[PDB]
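In: Let's see this in three dimensions:
(one chain, ligands or ions: 1)
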Amino acid sequence: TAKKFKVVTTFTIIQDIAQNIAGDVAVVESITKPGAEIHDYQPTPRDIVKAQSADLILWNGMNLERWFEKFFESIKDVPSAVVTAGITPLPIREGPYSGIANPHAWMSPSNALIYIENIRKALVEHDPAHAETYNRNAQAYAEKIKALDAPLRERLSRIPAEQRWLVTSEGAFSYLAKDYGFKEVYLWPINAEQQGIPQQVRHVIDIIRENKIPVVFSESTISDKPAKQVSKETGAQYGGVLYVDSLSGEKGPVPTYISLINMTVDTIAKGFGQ
Ligand SMILES: [Zn+2]
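Out: Numbers count the residues shown, from 1 in each chain. Sure, the structure comes next:
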């Protein structure tokens, strides 16, 4: 066991999924830090160093990392793999990014199984000496992710279907909402230029009042102020922060992908009174 195979990912969700597949034969690090906004992140010379010292680079694609392709052009002789191949996208509904794939596909546990398979294939291709380990670790982790879906689905099924309105800041939950039958309301369709401008806030407020939706949420990498303004003006409580674009730090309450899905579902369910 000389030097461990080095994997660099764009963001933290992919870091943790890949690290479960890598086990003890590879070390996986994220370019973005926990809590950092990932869509419009501005890479630094230090990020170039980290990616250039890697043996493999993993990214989401599907219009997530607006910075990645320009950044990767500075990197020489390091293979990359997009981890979302084979996932059917949901289009973004409105705004200047309307009609392109919504990148947040990892919020569906079923889609996470495809992330796992794509990461496994990339590690086996670029580090074939450890293929048996990657295959073993991917099978075990896929078992955990597959089993995760049933209790989450049952928990959210307790909310009456007519009342299943998921009101968030970024429209980052479209894949989770599809899986579990929630209608989707948001202050902005995807992180970008305008987040909480008028017109956006007014539309969400109107839907909340028309349907008597009991709760609204924010997310861990963006401002909570728009959601709190919406809750102040309506009958909805502020349900707290959902985790989608980043894990917490490893000593925080959301250290892993499994913890992120569980925490987000638990926070939604509690917002609805379980
Ligand atoms: Zn996002």
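
In: Would you enumerate the residues in contact with residue 90?
Out: 101-102, 174-175, 178 (CB atoms under 8 Å, 6 or more residues apart in numbering). C-beta: built from backbone N, CA, C; applies to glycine.

In: Would you mind trimming the residues you listed to those in range of the ion?
Out: Residues of these in contact with the ion (CB under 5 Å from the ion): none.

In: Is it possible to get CSV of the residues you listed that adds distance to residue 52, secondary structure and neighbour count?
Out: What follows is these, written out as CSV (distance: CB to CB, whole Å; DSSP: H, G, I helix; E, B strand; the rest coil; neighbours: other CB atoms under 10 Å):
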residue, distance to residue 52, secondary structure, neighbour count
101, 28, strand, 18
102, 31, coil, 22
174, 34, helix, 26
175, 33, helix, 23
178, 38, helix, 15
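
In: Could I get the full set of helices for the stretch 151-274 of the chain?
Out: Ranges of helices in the stretch 151-274 of the chain, per DSSP state H, counting those that start in this stretch, are 174-180, 200-211, 225-233, 257-271.

In: Make JSON lines out of the contacts of residue 90 and add distance to residue 224.
Out: Converted to JSON lines, the contacts of residue 90 look like this (distance: CB to CB, whole Å):
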{"residue": "101", "distance to residue 224": "27"}
{"residue": "102", "distance to residue 224": "22"}
{"residue": "174", "distance to residue 224": "21"}
{"residue": "175", "distance to residue 224": "23"}
{"residue": "178", "distance to residue 224": "25"}
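
In: which of the residues you listed sit farthest apart?
Out: 101 and 178 (13.5 Å; CB to CB).

In: neighbours around the closest residue to the ion within the stretch 51-200 of the chain, how many?
Out: Going by CB to the ion, the ion is nearest to residue 172 of the stretch 51-200 of the chain, at 4.3 Å. For residue 172, the count of nearby residues is 27 (other CB atoms under 10 Å).

In: of the helices of the stretch 151-274 of the chain, which approaches residue 134 most closely?
Out: In terms of CB to CB, the element of these nearest to residue 134 is helix 257-271, at 17.1 Å.

In: so does the strand or helix carrying residue 18 get close to the ion?
Out: Assigned by DSSP states H and E, residue 18 falls within helix 12-22. No: judged by CB under 5 Å from the ion, helix 12-22 and the ion are separated, with a smallest distance of 10.5 Å.

In: Need the contact partners of the following helix or strand past that helix.
Out: Heading C-terminal from helix 12-22, the first helix or strand you meet, by DSSP H and E, is strand 26-30. For strand 26-30, the external contacting residues (CB under 8 Å, 6+ apart) are 4-12, 14-15, 18-19, 22, 50, 123, 127, 130.
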